[PDB]
Amino acid sequence: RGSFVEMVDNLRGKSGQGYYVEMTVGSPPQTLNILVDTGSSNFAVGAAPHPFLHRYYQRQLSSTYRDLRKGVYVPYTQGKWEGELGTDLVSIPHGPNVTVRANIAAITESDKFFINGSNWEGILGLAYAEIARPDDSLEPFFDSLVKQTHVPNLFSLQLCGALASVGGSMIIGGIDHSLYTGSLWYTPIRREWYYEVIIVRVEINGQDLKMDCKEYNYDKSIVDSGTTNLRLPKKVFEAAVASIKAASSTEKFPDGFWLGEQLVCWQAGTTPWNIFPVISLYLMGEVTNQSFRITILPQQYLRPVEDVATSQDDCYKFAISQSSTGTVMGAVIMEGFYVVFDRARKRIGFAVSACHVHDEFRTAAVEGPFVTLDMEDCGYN
Ligand SMILES: CCOc1ccc(C(=O)Nc2ccc(F)c([C@@]3(C)N=C(N)OCC3(F)F)c2)nc1
Ligand code: NA
Ligand code: NA
């Protein structure tokens, strides 16, 4: 409990391509890099020589592979994958010292799923059986892990943002206290499908947006390591952009910047971080009428875009975007914080991440308690 030196720094990635962990599947073990995704529930790996993939799962080489004789077709908003279901032995080399027999979807056809130039070749869905494909009887990886071993039913994620390499830690079965400063504050998991939570108040530079709080969770809010942006429901995004624009008035930007339709660039070394406001989300706390708040910086929500082969300078993408699927606390929130997915107690903890990017005027923050009434009304039904 509290100290997991073998798992610290077991995540890697490149800016904008996600965080992956090394895993092995089959006997003898086949090594694969697997995207860590708290916003889905399937363990699905490339199983055929797609030209973007460095490595793929070759079932015919595993003596422990069992075929489930069932296909799975999974369409997303953009892109899709299709695969064949099976189970095999799975390990995490920089994880606990155990082997699990787990469901795997061997991906045999996909479209817009794998990223050209990325170093991962499958996805580890860490959320619950209820959003598993094809249905909730396909047991997710983490549930198999907790059933078959003595690993405690929680994991924690420290995502450290930055061609450029990102890194992080996924502590499986526990919390490592060197990964955060101050205290952890916990918000209830409202329902176990996504890691769904409830936002009770939103402030821009300390100014309340003053919306009905059910607008903040329309139709859900979730914590998702497999999404880059802070996504906000359309109505909330309009109000939030309007405050942000007002708060940073000392400079003007094309409208398209705020919509993610164009980048903005300044000369190297001179990003004026200080004209942009902090953003605070208050979350439902553990006790009636009690909330706490997490605050991120422009260093989290203005993301550097390295590969602009038609510019000299320092270009950034605005990484807060409008959503129709509810609020998504993606890598933009999570790179501020050490986040604890405490499934045994159905709660999610946040603490200031010991690695988050900041400057000498401001820092990400997790603070409470605050008195907030009517937090139950904030959930959408
Ligand atoms: C800081 C960068 O963070 C990231 C960058 C890229 C990526 C990435 O490619 N994610 C990614 C790729 C394919 C995919 F299928 C998914 C799914 C299943 N999972 C989530 N939660 O949302 C989109 C999705 F439902 F389709 C995510 N993720 C995080
Ligand atoms: Na057990
Ligand atoms: Na600590």
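Numbers in chain A track Swiss-Prot; the residues on display, in order, are 57-218, 228-446.
We read in the header that X-ray crystallography, 2.0 Å was used to get this structure.
Quick reminder: no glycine exception, Cβ is built from N, Cα and C everywhere.
Sequence-distant contacts of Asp93 (active site), defined by Cβ-Cβ distance under 8 angstroms and a gap of at least six in the same chain, are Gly74, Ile179, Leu180, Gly181, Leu182, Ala183, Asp289, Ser290, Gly291. The feature active site is assigned by Swiss-Prot to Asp93 (among others).
Under 8 Å, Cβ to Cβ, and six or more positions away along its own chain, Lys126 (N6-acetyllysine) finds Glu140, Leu141, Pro190. Among the features that Swiss-Prot reports, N6-acetyllysine is placed at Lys126 (among others).
Per Swiss-Prot, the feature N-linked glycosylation site maps to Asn153 (among others); the stated evidence is sequence analysis. Secondary structure at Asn153 (N-linked glycosylation site), taken from DSSP and collapsed to helix, strand or coil, is coil. In this chain, no residue six or more apart from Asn153 (N-linked glycosylation site) has a CB-CB distance below 8 Å.
Annotation source Swiss-Prot lists N-linked glycosylation site at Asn172 (among others). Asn172 (N-linked glycosylation site) falls outside any helix or strand according to DSSP and counts as coil. Sequence-distant neighbours of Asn172 (N-linked glycosylation site) (same chain, six or more apart, CB under 8 Å from its CB) are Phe108, listed in sequence order.
Taken from Swiss-Prot, the feature disulfide bond applies to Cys216-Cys420 (among others). When secondary structure is read from DSSP and collapsed to three states, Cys420 (disulfide bond) falls in the coil class.
On its own chain, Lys275 (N6-acetyllysine) has no residue at least 6 apart in sequence with a Cβ closer than 8 Å to its own Cβ. The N6-acetyllysine annotation in Swiss-Prot covers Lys275 (among others).
Same-chain residues at least 6 positions away in sequence with a Cβ under 8 Å from that of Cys278 (disulfide bond) are, in sequence order, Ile264, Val265, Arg266, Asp439, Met440, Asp442, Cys443. As annotated by Swiss-Prot, disulfide bond applies to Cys278-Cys443 (among others), with the evidence given as experimental evidence.
In three-state terms derived from DSSP, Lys279 (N6-acetyllysine) belongs to a helical segment. In this view, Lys279 (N6-acetyllysine) is surrounded by 15 other Cβ atoms within 10 Å of its Cβ, with every protein chain counted. Residues or ranges marked as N6-acetyllysine by Swiss-Prot on the basis of experimental evidence: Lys279 (among others).
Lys285 (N6-acetyllysine) counts 19 other C-beta atoms within 10 Å of its own C-beta, drawing on all protein chains shown. The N6-acetyllysine annotation in Swiss-Prot covers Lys285 (among others) and rests on experimental evidence.
Positions annotated as active site by Swiss-Prot, on the basis of sequence analysis: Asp289 (among others).
Counted within 10 Å of its Cβ, the other Cβ atoms near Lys299 (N6-acetyllysine) come to 12, all protein chains included. What Swiss-Prot lists as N6-acetyllysine is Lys299 (among others).
Cβ-based neighbour count (10 Å, all protein chains) for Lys300 (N6-acetyllysine) stands at 14. Sequence annotations record features per position, and here Swiss-Prot assigns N6-acetyllysine to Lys300 (among others).
Feature annotation from Swiss-Prot assigns disulfide bond to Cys330-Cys380 (among others); the stated evidence is experimental evidence. In the three-state DSSP scheme, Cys380 (disulfide bond) falls into the strand class.
DSSP gives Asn354 (N-linked glycosylation site) a coil state; it is part of no helix or strand. Around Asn354 (N-linked glycosylation site), a 10 Å sphere centred on its CB holds 12 further CB atoms from the protein chains shown. If you look up Swiss-Prot, you'll see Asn354 (among others) marked as N-linked glycosylation site.
Cβ neighbour counts within 10 Å, taken over all protein chains shown, single out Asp289 as the most crowded of the recorded positions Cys216, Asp289, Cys330, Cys420. Between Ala218 and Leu228, the deposited model skips 9 residues, and the Cα atoms of these two flanking residues are 10 Å apart. For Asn354 (N-linked glycosylation site), the nearest neighbour among the recorded positions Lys279, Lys285, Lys300, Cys380, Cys420, judged by Cα separation, is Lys279.
Its own atom aside, the Cβ of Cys443 (disulfide bond) has 23 Cβ atoms within 10 angstroms in the protein chains shown.
Taking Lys279, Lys299, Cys330 as the recorded positions under consideration, the smallest Cα distance to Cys420 (disulfide bond) is found for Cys330. The Cβ of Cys380 (disulfide bond) lies under 8 Å from the Cβ of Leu328, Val329, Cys330, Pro369, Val370, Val373, each of which sits 6+ residues away along the same chain. Distance from the CA of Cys216 (disulfide bond) to the CA of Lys285 (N6-acetyllysine) is 26 Å.
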